[PDB]
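Participant: what's the 3D shape of this:
(4 chains, ligands or ions: 2)
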Amino acid sequence: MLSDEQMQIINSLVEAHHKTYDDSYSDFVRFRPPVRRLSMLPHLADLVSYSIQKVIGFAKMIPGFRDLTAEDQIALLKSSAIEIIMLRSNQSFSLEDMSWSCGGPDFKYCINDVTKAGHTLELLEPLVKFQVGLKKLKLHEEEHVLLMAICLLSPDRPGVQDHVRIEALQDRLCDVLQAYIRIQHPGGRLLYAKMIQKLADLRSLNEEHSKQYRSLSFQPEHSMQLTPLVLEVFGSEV
Amino acid sequence: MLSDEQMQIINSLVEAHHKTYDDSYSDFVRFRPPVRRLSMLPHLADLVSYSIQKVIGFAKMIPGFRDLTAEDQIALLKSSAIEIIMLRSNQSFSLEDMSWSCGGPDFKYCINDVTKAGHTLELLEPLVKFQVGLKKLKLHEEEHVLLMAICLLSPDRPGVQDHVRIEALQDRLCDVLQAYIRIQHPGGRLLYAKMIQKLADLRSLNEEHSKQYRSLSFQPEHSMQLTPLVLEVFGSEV
Amino acid sequence: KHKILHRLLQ
Amino acid sequence: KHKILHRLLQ
Ligand SMILES: C=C1/C(=C\C=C2/CCC[C@]3(C)[C@@H]([C@H](C)CC#C[Si](C)(C)C)CC[C@@H]23)C[C@@H](O)C[C@@H]1O
Ligand SMILES: C=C1/C(=C\C=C2/CCC[C@]3(C)[C@@H]([C@H](C)CC#C[Si](C)(C)C)CC[C@@H]23)C[C@@H](O)C[C@@H]1O
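Facilitator: Residues are numbered from 1 along each chain as shown, chains lettered A, B, ... in the order given. Ligands and ions are numbered 1, 2, ... in the order given. Please see the structure below:
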C-alpha cells in the first residue's frame, strides 16, 4: 500500500504536469507557421522552444529540484530536456496516424515533417518506434508523470555536482513508481522494468539527436532559424 | 550631366534594392503572427530579422562594399543596419495612415503596435516624424537607393578600420547623388542638403533605439523572443 | 552563461 | 564571433 508522502509526491507531480501541458494546443498558432530547404525548421524550432519552457516549469515543481544548485538544475535540464520532450510528446502521438496530432491538421506532424526540419531516419525511425511502444504501455497519468520526473532527476548526466542528493531524489521517485504500479496498475507485473527500458531508449535517442543537432548548429543558415532558448539548452556551453 | 560610371552605380544600386525589397510582402505570413506583455515583440522581432537579411543582401551589391574586409563589412552593418531599416521602411509608410502598411491589415503597424514590442514614444515620436518628413521629400527611387548606400558606407562608425577606402566610396556616392538631383530632379535645389540632414536624424534615432534595445536585451524573458540574427547584429560584440 | 535558463529557473 | 553575419556575407 502507498504512503501519504508517496501520494503527495504523485499529487504535486500530476499538478505540475497539468500546469505545464495544455491539451488545447491553442498556443501553437503563435509559432512560425509550418511549411510542407528545411521548410519545417522554423515551426519545429518554435515548438521545441515552447516545450523547453514547459519542461523547465515542470522541473521547478518536482519536489527537491528547486533546492538543487542552479548549476545542477541547469546541468540536468541541458542533458534531459530533449528526452523529456520526447516523453511528453507521447500525449499527442496517435497509434492510428503514426504521428503527433496537436489539435488541428496544421499541427499534425509526420515523420516527413520532421525530415524537413533537418533530421534523418536514423533518428526518426527509432523515435517513432519509441512512441508506439511507449503508447502501447498504456501508462496511467501518474506513471507518465513519474517517468518524466525520474528521467529529469537522473544523476548519470554530464555536469552534475551533487550526485548523491539527486540520486536520493530519483530513488524516492522510483520507489513511488514501483509501489504505484504494484498497488494500482492491474496486470503491471512487468511494467516497471519496461519503463526503465524506455529510459535507456531515451539515452540512445538523445545521443542521435545530439549528433544531428551538431550538424544543424554548425550551418549558420540553419542555426539562425533556431531560438535563443534552444541554442542555450541544446548548446555545448557549461 | 551624369557620367557613364555614375549611372552604372545608380543602375546596380537600383537593381540591388529591387532584388532585396519585395513589394508583395508575401514573406510576412511566415513571421510569428502579430498580437494586439509585449504582444508584438515576436512578430516585430521576425520583421526586423528578415529586414536585416535584406540589408546584408543590399550591402553585398553596393559597388566596393564586397571588397572591404569582413571586419569592416561587419562593422558597417552592425552600426548602420537599424538606420537602413528605418530608411527602407519609408517605402511602406503611409502619410494618410501615419503607419507602415505592408499589404494586409495584419501587417499594418501603428505607433501603438511598436509600443507593444518594448519601445517608447521617446523613440517612436521622432521615428514617425522622420518617416513623414522623408516621405514628403518625394524621393526618386534612384535617390532613395543612393541615400541607403551612402548611409551604409559612412566611415564615422565605431569599429571601422579602412576609414580612407570607405570614405572614398561614400564620396563617389555623394557626388552621384548631387549630380542626379541637379540634372534629374526638377526643383530639387535644396534636396541634397535635406537628405544629408536626414542622415543626421538617423544617427539620433540609432542612439535612442540602441538605448532602448539595451533595456530589452537585459531582460532575458524579452531577449529570448529575439532572433539569433538580431542578437548578433544589434549586440555589443566586436 | 545560460542567461535565459537562469532567468526561467527564477 | 558574428557567426551568422560572416555566413551571410559569404
Ligand atoms: C514537442 C512536443 C510535441 C511533439 C513532439 C514531436 C513532434 C515533432 C518533432 C519532435 C519535436 C522531435 C524532434 C526530433 C526534436 C527536435 C528538434 Si530541432 C528541429 C529544434 C533541432 C522530438 C519530439 C517530436 C507536441 C506536444 O506533445 C508537446 C510536446 O512537447
Ligand atoms: C522593417 C521594415 C518595415 C517597417 C518598419 C517599421 C515598422 C515596425 C517597427 C519598426 C521595425 C521600428 C523599430 C523601432 C525597430 C525595432 C526593433 Si525590435 C522590437 C526587434 C528591438 C523601426 C522601423 C519600423 C516594413 C517594410 O518596409 C520592410 C522594412 O524593412
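
Participant: setting aside sequence neighbours, what's the nearest residue to the residue nearest the centre of chain C?
Facilitator: The centre of chain C sits closest to residue C:6, judged by C-alpha atoms, centre = their mean, with a distance of 1.8 Å. Nearest residue to residue C:6, sequence neighbours excluded (C-beta to C-beta, 6 or more residues apart in numbering or on different chains): residue A:70, at 6.4 Å. All C-beta spots, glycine's among them, are computed from the backbone N, C-alpha and C.

Participant: thinking again about what came up before, pretty sure the residue nearest to the centre of chain C contacts residue A:77?
Facilitator: No - using C-beta atoms under 8 Å, residue C:6 is not in contact with residue A:77; the gap is 11.0 Å.

Participant: close to chain A: what parts of chain C are there?
Facilitator: C:1-6, C:8-10 (C-beta under 8 Å from any C-beta of the partner chain).

Participant: buried members of these into ChimeraX, please.
Facilitator: Filtering the residues of chain C next to chain A down to the buried ones (16 or more other C-beta atoms under 10 Å in any protein chain shown) takes a single ChimeraX command:
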select /C:2,4,5,8,9
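
Participant: for the residues of chain C next to chain A, give me JSON lines that also has secondary structure and distance to residue B:186.
Facilitator: Listed next are those as JSON lines, based on DSSP: H, G, I helix; E, B strand; the rest coil; distance: C-beta to C-beta, whole Å:
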{"residue": "C:1", "secondary structure": "coil", "distance to residue B:186": "60"}
{"residue": "C:2", "secondary structure": "coil", "distance to residue B:186": "60"}
{"residue": "C:3", "secondary structure": "helix", "distance to residue B:186": "55"}
{"residue": "C:4", "secondary structure": "helix", "distance to residue B:186": "55"}
{"residue": "C:5", "secondary structure": "helix", "distance to residue B:186": "60"}
{"residue": "C:6", "secondary structure": "helix", "distance to residue B:186": "61"}
{"residue": "C:8", "secondary structure": "helix", "distance to residue B:186": "59"}
{"residue": "C:9", "secondary structure": "coil", "distance to residue B:186": "64"}
{"residue": "C:10", "secondary structure": "coil", "distance to residue B:186": "64"}
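
Participant: and ligand 2, which of the residues of chain C next to chain A contact it?
Facilitator: With C-beta under 6 Å from any ligand atom as the criterion, no member of the residues of chain C next to chain A is in contact with ligand 2.

Participant: please identify which of the residues of chain C next to chain A is nearest to chain D.
Facilitator: For those, the minimum distance to chain D (C-beta to the nearest C-beta) is 15.9 Å, reached by residue C:1.

Participant: for the closest one, which non-adjacent residue is spatially closest?
Facilitator: Computed as C-beta to C-beta, 6+ apart, the closest residue to residue C:1 that is not its neighbour in sequence is residue A:237, at 5.4 Å.

Participant: tell me the spacing between the closest residue to residue A:107 other than its chain neighbours and residue A:22.
Facilitator: Leaving out its chain neighbours, the residue that sits closest to residue A:107 by C-beta to C-beta, 6+ apart is residue A:28, at 4.8 Å. Going from residue A:28 to residue A:22 by C-beta to C-beta, to the nearest Å gives 9 Å.

Participant: ok, those two, which is more surrounded?
Facilitator: More crowded of residue A:28 and residue A:22, by other C-beta atoms under 10 Å in any protein chain shown: residue A:28, with 19 against 12.

Participant: and that one, what is it in contact with?
Facilitator: Going by C-beta atoms under 8 Å, 6 or more residues apart in numbering or on different chains, residue A:28 touches A:47, A:50, A:102-103, A:106-107.

Participant: what parts of chain A come near chain B?
Facilitator: Residues of chain A that fall close to chain B, judged by C-beta under 8 Å from any C-beta: A:29-33, A:35, A:42, A:46, A:223-224, A:226-229, A:231.

Participant: where does the closest residue to residue A:178 other than its chain neighbours fall, secondary structure wise?
Facilitator: With sequence-adjacent residues excluded and distances taken as C-beta to C-beta, 6+ apart, residue A:178 is closest to residue A:192, at 5.2 Å. Residue A:192 belongs to helix A:191-217 when elements are defined using DSSP states H and E.

Participant: now do the helix or strand just after that helix: distance to the chain's middle.
Facilitator: Later in the chain than helix A:191-217, the nearest helix or strand by DSSP H and E is helix A:220-223. Centroid separation between helix A:220-223 and its chain, computed with C-alpha atoms, centre = their mean, to the nearest Å, is 24 Å.

Participant: just checking helix A:220-223 against chain D, any contact.
Facilitator: Yes - residues of helix A:220-223 contacting chain D under C-beta under 8 Å from any C-beta: A:220-221, A:223.
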